[PDB]
There are 2 protein chains.
Amino acid sequence: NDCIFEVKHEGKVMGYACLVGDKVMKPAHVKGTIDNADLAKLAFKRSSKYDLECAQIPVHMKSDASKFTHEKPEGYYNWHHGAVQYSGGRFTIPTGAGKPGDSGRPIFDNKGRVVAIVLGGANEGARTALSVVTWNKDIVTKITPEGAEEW
Amino acid sequence: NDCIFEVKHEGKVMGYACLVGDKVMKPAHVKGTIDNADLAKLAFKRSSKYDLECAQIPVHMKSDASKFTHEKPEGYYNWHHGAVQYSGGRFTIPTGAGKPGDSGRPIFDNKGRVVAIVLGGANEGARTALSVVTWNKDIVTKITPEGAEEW
């Protein structure tokens, strides 16, 4: 609710940035800069294998970061536009929800812990498969279904 | 309540000393002399890596000793100035509580067991994070977040 920030370029919104744990995360293909004055001066690392950039969280903004976990049992999860379903190791959303410019929305569990960041998605008639990045013990990983298109 | 004695220097209070297990403990950066007559004659050992000093308790005062453990599950804990929450491996308290000169207070469990001793801490906007010295099986360890200041 309060931990999400907007990235703007020439008055337009193209994507979002999120604060997780003790690092700031942002999709690689999204251009522009951060609206907040303090965060815009940070130096970033870049990695074209996972389409992520990160930086260290400043001291006085630490209280606003969310929690995170790595257990992913089957069930239902929530995000901004409703309920999302997890079964077979894959993320699915009802068709028609979501448009270009909405990349970077976190996905929450029943207790408000962050598990993933969405970037892009696939096309299908009845149900839509998502393109997501998650993490495990001491690594990060990228999952991309067939035919996905960037958001 | 009964296990704590006060250390003074030129009429000013600087800190506290506790009787845990079979050992007498005190933070290193605090100067002065112990109020109690019996404890003032002991010899102490020093270690600047952990910021602790210790000495062995005399025979006749052992009846006042507290119990202790090393189990640290997630949940809620309490001390003199309120309740303290432990989650994510860190201790946090509401901002503004705690002033320099209170260092050395024990942190208590639900059944009265001692689990930690507080020395210093770091201050941010809505919360504060503590720097604490704890133990484990057969050793002691020090934990310190960024920007911490002594108390």
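Basis: the model, the stated rules and, where named, an outside source; no laboratory instrument gave them. Note that each Cβ is placed from the backbone with ideal geometry, even for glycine, and that neighbours are counted across all protein chains shown.
Assorted remarks:
- Residue among A:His60, A:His9 that is free of Cβ contacts under 8 Å to residues at least 40 places away in the same chain and either within 12 Å of the chain's Cα centre (by Cα) or surrounded by 13 or more Cβ atoms within 10 Å (Cβ to Cβ) (or both): A:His60
- Among the criteria (1) among the polar types (S, T, N, Q); (2) in contact with a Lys or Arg (Cβ under 9 Å, 6 or more places away or on another chain); (3) away from chain A (no Cβ under 14 Å), the one B:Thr92 does not fulfil is (3).
- One residue from B:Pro100, B:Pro73, B:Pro106 being farther than 25 Å from B:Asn136 by Cα and in the same structural domain as B:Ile143 (by CATH): B:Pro100
- Criterion violated by B:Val84 - all others in (1) of a type in the set (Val, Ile, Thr); (2) within 14 Å of chain A (Cβ to nearest Cβ); (3) surrounded by 15 or more Cβ atoms within 10 Å (Cβ to Cβ) satisfied: (2)
- Enumeration of residues in region A:12-40 that are out of contact with any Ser or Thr (no Cβ under 7 Å at 6 or more places or on another chain), touching a residue at least 40 places away in the same chain (Cβ under 8 Å) and assigned to a loop (DSSP other than H, G, I, E, B): A:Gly21, A:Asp22, A:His29
- Filtering region B:106-151 to residues that are surrounded by fewer than 18 Cβ atoms within 10 Å (Cβ to Cβ), within 14 Å of chain A (Cβ to nearest Cβ) and not in a loop (DSSP other than H, G, I, E, B) leaves B:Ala122, B:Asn123, B:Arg127, B:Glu149.
- The set of residues from region A:87-105 being in contact (Cβ under 8 Å) with a residue 60 or more places away in the chain and either surrounded by fewer than 17 Cβ atoms within 10 Å (Cβ to Cβ) or β-branched (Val, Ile, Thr) (or both) comprises just one member, A:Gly101.
- Of all residues in region A:41-55, those that are of a type in the set (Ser, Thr, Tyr) have Cβ atoms under 6 Å from Cβ atoms of residues that are surrounded by 11 or more Cβ atoms within 10 Å (Cβ to Cβ), 6 or more apart or on another chain, in A:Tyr50/A:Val140; A:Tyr50/A:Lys142.
- Within region A:59-81, the residues that satisfy the criterion of being within 14 Å of chain B (Cβ to nearest Cβ) and touching a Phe, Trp or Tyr at 6+ places or on another chain (Cβ under 9 Å) are A:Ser66, A:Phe68, A:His70.
- Note on region B:44-66: residues that are under 20 Å from B:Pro27 (Cα atoms) and either part of a loop (DSSP other than H, G, I, E, B) or among the β-branched types (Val, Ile, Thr) (or both) amount to 8.
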